[PDB]
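K.L.:
here are the coordinates; sequence isn't available:
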């Protein structure tokens, strides 16, 4: 129905148009590829002005109806979830392959022959990549810890966090270890939560191995801390979604009184139920009370008199964080409270941070934890947001290093080595595929060339030097000067990418190129 | 990124130079070889000719562009020194300009 | 030659500012003086108004330009501080802006102009003050003559022999020989139809425009009274929300009436418990000021009631009587009451006005009310305006003692001296001060032209006569020439000339400093 | 003063027939790249703002919904092919298109639409007789059951992303069809689920139904994970007391009841959980959330729960375990319970998921696709679908013809041979009909990137020599014996597709006027 | 180094804009006062500054014109970083407006 | 062509220029406020009834909106200077504009 008011493209012209659409996307994000990449101003639907060089955020905020461009966005989504590193590179490389495909199509190479050639070239590229890998977790554990920190330090240098990144690199190292057992070497990212507040400087950030609530106590006179109590069984926490008082509605009461006898009893009932509910806390044997709701004045005095510190209006996730960290339960009601439901911790205290009045409440186990929270500070919202997200990237790096010990050197060195290998093999084909194999290698070159251009370097002199050094002297990885270091040769500079990251980057970008090249017809309807 | 602005745009002349010259070279290109294709030309005097001779084509092409006309002198120099290849030297020039 | 390219042109804004402001001043200029020309304005309602009053004109000119509007505020400042010269402060502003425009074209930076004019204003004031004729509050006749002069230009001048000492005594009752700032808002001019222009009174406590109580049982007069100011209404319960009363017989009507009356009774009893003798109720149309039912209770309690008292009257009462407002009958207590020796209603030619005398309260402040009488509205309106202006004249004499001759004399005296003295200055100082002094002559120049005299001839005579003579010489429209304006009794308070020099500097300084206009949305 | 139309449209004449053809060709052009195992995918943006990517002709044309009153005939006949045969929908439109393309110049030369249609009707009868004669009745001859079905799926997966991993996915497809009822093979009984992560060769075959494991709430996981012989209960109602989203006000007739309401709600959920215990279930499913109280209660009762189950899965669970779904808990009987030989939790995709396994009552199965990207997994699903269909059809229908264009070329030959004796205008139509049959091996070559001219010429020579099963080879650019290579499809596909393509051809060509009522 | 040389000089040119604006706003010839002031600070005498009341060059210690060290550190620090924020931008991307 | 739904898009040549022109537009608001002899700006809202004159650079930057998304960045930075330090608002805004103007 309603065939009209539709767009359609097909045929040889669609092949040029689709590749140009892919080029348009790359022409924006390519400018942010590299540790010195330039930032974007991203304007929200409400006019909010944010600045970032995160390719994943930029592509997410790019809202477009070009179906070919959407395919590139889908690629960046897969890489962001799987590895978390190559979210810019996989789109830039995929575009570079499509740019080569354009010339190959124009010269008379069928899109399918291009797709097949690129696939085989990718296999050669990975086959060579393996020859350059080495292990970080191999041998002395001290070397693993050294390299693990150094990898985090490099990953942080691309964001504002770079000023004081020494502390954030340590947070990433401690965070990934704290949620991972040495024998299994599986890292569950969900065990490392990010949190931060406006105020102070990013140098004040730290990793907290417990639970932090952005909530105050139910009564200003109520004790702010509970200690282990001279060798007793830590602190017992009552985590509930109901306040310890006769619940009262915020809308209508509709409580009918039929007699004076009832009236007098009903007024007494409320006063007595306040007492009974707090008494039940003592029967449970709890030290502190954490509720989704706040407390009435009578409950606050009863909790005060019985030395039962309580936290008011604690949110859903915050209640779960305590129940998880303290190996307890969230109990909907009071009658089920006992040693079998109450949470355990070593200390609960209120921490002040200079002139910041947040006065967060921290629950500690004071021992190996199952979960950590990364606490980020900073002088403004954008500073905290970016430094906090910087940890996300570093956490992804150390996550991959734990899971797969095989690494390769970055800075574009891997792409140059793979480009050289594919180029040398191309001449052995003696057949039609030679055009695609050479094209694939040329597409790889666009990465170290982009790193040059975004650094203010001549991409032609840079790439010439990169290839020359890896042919004249030793195949050993030669990087670029993008970091402003005295020289290249990343062996002494510690710019290292995980193998699984670079492997997926090349394979996924190639698969995406094929995803677009095989599209010979697009039909676009309206939007309801 | 951002680089030199070059408010004055001589590159517009260099582009026009290559574009015009390559167009002439691509035209004569189709006449290369014993199996090459013929051209029809209607001259300014109204006479219409058919030929695959490279030089005749360029001579009667009535090239106006101040730079593209250089390809006529190229075919003349080729004819003057070698006496053959008057089509090939123009095609090669076009391809090198594309490079 | 080749000079500053002036690609960015901030001067374009200052030019627009000066052009707009000078246009306003030239419009007012032509109305200067007793012989000035009238302005006609068609208002947004279609009404036609004609006046030569500068301030009234300026308000109705409906000036749009954000900066030109500032010349209206200047006239407001003059009206607030001095009460006279409201036309002359804008006219001098226009001429001084013209001096600034010429100085800008001569290559003087606006920053230099603004500061240099301020320095010239400082000397202008000193020149003005030294040349004035000093006065003293101890000389009652002198104050009467000063007021009588300003009264001689009013519609009914034949009663100036009465309105002059009334203004004098009204100020002296609240301002002794040693006072700096007299706020004549404490002198309340209260109009009532009836009587004649000379038939005025000065009352210490208050004069109100309203009657007290006419109904049977009312005390109509109370001695030794405590007085409260009511802002609430005394009426039966009458809510705004949905309500219904059902009456099917006189028996239910009796019940309902008792509920309404008992409500008012409880209010009236509490008023009695506060020992309040007189109720002065602020005007409101929301509910009855005091309902008839309340008046029957209050009358039996020997409590006087005065209704429909205007806000301005209520504000005066809070100062003259020493009493305080009561926001609600809930808070109606003794602490909010004043005192008075006598509260009475005066029926003179049908006046029927309530007045209070003998306050004798520590909370009272030096206030006085004046009774303005007259048959036609034009009589009481002209009398009020005449007394108001006369009070402004005296207030000026207290702030800065002395009068200067009129007819543009102080502008010729200041300009003449500044032009000579400026020749001893250096650099932009002399060049700017020559333009400042020249701008001052817009006043004696305009007065000459509006009087029908040859513009150059009169100014020429004024320059020559002031060089050989003194401040007393100036333009007299009554003599149609340059004569001894002091002997002609053409005198203005010093404050008027002093303030005009200040305001002209402040306004031009403010205008020249504006190099852009931006919107905030 | 009178008119005939007032906005009423009608257009009549030969020009309308040609106009109808042109619109109908446009549909063919949309679908022509979808033919063959290397067919190209089409991107369709629907009004729902979702994008569909597929090279399945049935999917594409059903979403295209061409508006033109005549072209809609191609949509209808394709749907008939989809219902009567289940495959070939791309080839029905293509054949119908080319026949109408040839009808156009015949109409221009003054040949009536009747004479064109009459020749087509005769030509089809001649073709169908050849297609039947070419059909082979073969099952496990010189082979076995799994041996044929393995070759069938393996062929379908050739030159795909899972080409090298065919050894893994081919087994999945053969097992999937053989796990079904052997009398009525229904593709709807084979479920496919996408799980991101891992390598493609790590995909898993499950006899029962897998779940998505939607739980993240604190306190979960503390319930038994494994059962040997569980009873399975499915509910249509939630089992939760206080959700992380919802809430309620408390309204009472007595102050003492304020706290009672909170505990009363606890009892209402508890009592429902208790009646489940009375039923005797071991695993409890629900399409709606199951909360903490339910988990803690069930765990202490040695019961496992999983809620928020997709509506499609809840129905398939019942089809797997042989039980019955109930909305209430008070009226449940043991006859409503299913049975499994195993309940387990899998590590597929490097993330835990729940599943049933070895359900004795199952009529279905589940295929789990792994891979490093959703786009690759989608390609695996498409490859599995084609592999499942060819396995299904090879097992279901033993009467086959060679594919790859081999049948079309043999039919083309015999049609040209008949034209040697057909006199008159009928000779022109029988030739055009034969020409149309050649478009299939042509577009198969073109879509594959082959030199279609060379391959078609070799195919014509091969069949002229009596090589009746040679067609387009997609692994090596040449021609070869598609029968020997097991490139099969049921004979009914070619018979019904050719009959259907002609029916649409003649119906469209028979229309000399279109009437449209507007207003 | 070569490429960075002009950027360093550009920084200095920005710094000397403040005394230019100060003179211009005061209604004085900034070209004379700023050029002469620079020659004073260059050729030692590093005590001199603008006399924005007389329109000349004066010794700031004798006039008593001083500014907090901490504030000057903040002004230079903030201006430097403030420029860097926009220097790193070469693209503006907007999402669908609401 | 990508994007759509009437969004703003600027590429290297345009966004780079906008970044600098924007910062200059910010400087133009306060360059007159520097020094004891600075000049005043007249501000007026849409209602016309709030007309005011000030030379306070912070008030002007907070009162006067700009539609350049890069200018909004510098204005927000100037806000921080004014709120956190209490002085230098004009000096930082000028130096920032002049540093970017030369850039």
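P.N.:
That came in fine, so what should we check first? Numbers count the residues shown, from 1 in each chain, chains lettered A, B, ... in the order given.
K.L.:
burial of residue A:528, as a residue count?
P.N.:
7 (other Cβ atoms under 10 Å in any protein chain shown). (Each C-beta comes from the backbone N, C-alpha and C, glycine too.)
K.L.:
Could you do residue A:390 as well?
P.N.:
Residue A:390: 26 surrounding residues under other Cβ under 10 Å.
K.L.:
Quick check: it is in a helix.
P.N.:
Yes - counting by DSSP: H, G, I helix; E, B strand; the rest coil, residue A:390 is located in a helix.
K.L.:
Setting aside sequence neighbours, what's the nearest residue to it?
P.N.:
Leaving aside its sequence neighbours, residue A:390 sits nearest to residue A:161 (Cβ to Cβ, 6 or more residues apart in numbering or on different chains; 3.9 Å).
K.L.:
Hmm, that neighbour is touching residue A:203, no?
P.N.:
No - using Cβ atoms under 8 Å, residue A:161 makes no contact with residue A:203, being 10.3 Å away.
K.L.:
who has more neighbours, the two?
P.N.:
residue A:161 (26 against 14).
K.L.:
who's in contact with the more buried one?
P.N.:
Contact analysis of residue A:161 by Cβ atoms under 8 Å, 6 or more residues apart in numbering or on different chains lists A:168, A:202, A:386-387, A:390-391.
K.L.:
again, 7 Å this time
P.N.:
By Cβ atoms under 7 Å, 6 or more residues apart in numbering or on different chains, the contact set of residue A:161 is A:168, A:202, A:386-387, A:390.
K.L.:
what do you get for residue B:42?
P.N.:
The contact partners of residue B:42, by Cβ under 7 Å, 6+ apart, come to residue B:48.
K.L.:
Tell me, how many residues neighbour residue 18?
P.N.:
The chain I'm using is chain A. Neighbourhood size, residue A:18 [other Cβ under 10 Å]: 25.
K.L.:
try chain B instead
P.N.:
Residues within reach of residue B:18, counting by other Cβ under 10 Å, total 15.
K.L.:
can you pull out the strands in chain F?
P.N.:
F:9-10, F:40-44, F:52-54 (DSSP state E).
K.L.:
Make sure residue F:9 is actually in contact with residue E:95.
P.N.:
No - judged on Cβ atoms under 7 Å, residue F:9 makes no contact with residue E:95 at a distance of 10.8 Å.
K.L.:
residues in contact with residue D:490?
P.N.:
D:393, D:397, D:399-400.
K.L.:
I'd guess residue A:509 is in a helix, am I close?
P.N.:
Yes - under three-state DSSP, residue A:509 sits within a helix.
K.L.:
Can you classify the closest residue to residue D:265 other than its chain neighbours as helix, strand or coil?
P.N.:
The shortest distance from residue D:265 to any non-neighbouring residue, by Cβ to Cβ, 6+ apart, is to residue D:241 (6.1 Å). Classification of residue D:241 using three-state DSSP returns coil.
K.L.:
For the residue nearest to residue A:244 when sequence neighbours are not counted, what is the enclosing helix or strand?
P.N.:
Leaving aside its chain neighbours, residue A:244 sits nearest to residue A:277 (4.0 Å; criterion: Cβ to Cβ, 6+ apart). According to DSSP states H and E, residue A:277 maps onto helix A:260-284.
K.L.:
Would you mark the buried spots in that helix?
P.N.:
For helix A:260-284, a neighbour-count test (16 or more other Cβ atoms under 10 Å in any protein chain shown) marks A:262, A:269-270, A:273-274, A:276-278, A:280-281, A:284 as buried.
K.L.:
following it, which helix or strand comes up?
P.N.:
strand A:288-291.
K.L.:
residues making contact with that next one?
P.N.:
A:226, A:235, A:237-240, A:242-244, A:281, A:303, A:308-311, A:314, A:319, A:322, A:348.
K.L.:
Doesn't the residue nearest to residue A:390 lie inside a strand?
P.N.:
No - counting by three-state DSSP, residue A:161 is not part of a strand but helix.
K.L.:
Report the secondary structure state of the residue of chain E found nearest chain D.
P.N.:
Distances between chain E and chain D by Cβ to the nearest Cβ are smallest at residue E:96, namely 12.7 Å. At residue E:96 the chain is in coil, as set by three-state DSSP.
K.L.:
Nearest spatial neighbour of residue F:37, chain-adjacent residues omitted?
P.N.:
Here the residue nearest residue F:37, using Cβ to Cβ, 6+ apart, is residue E:26, at 4.0 Å.
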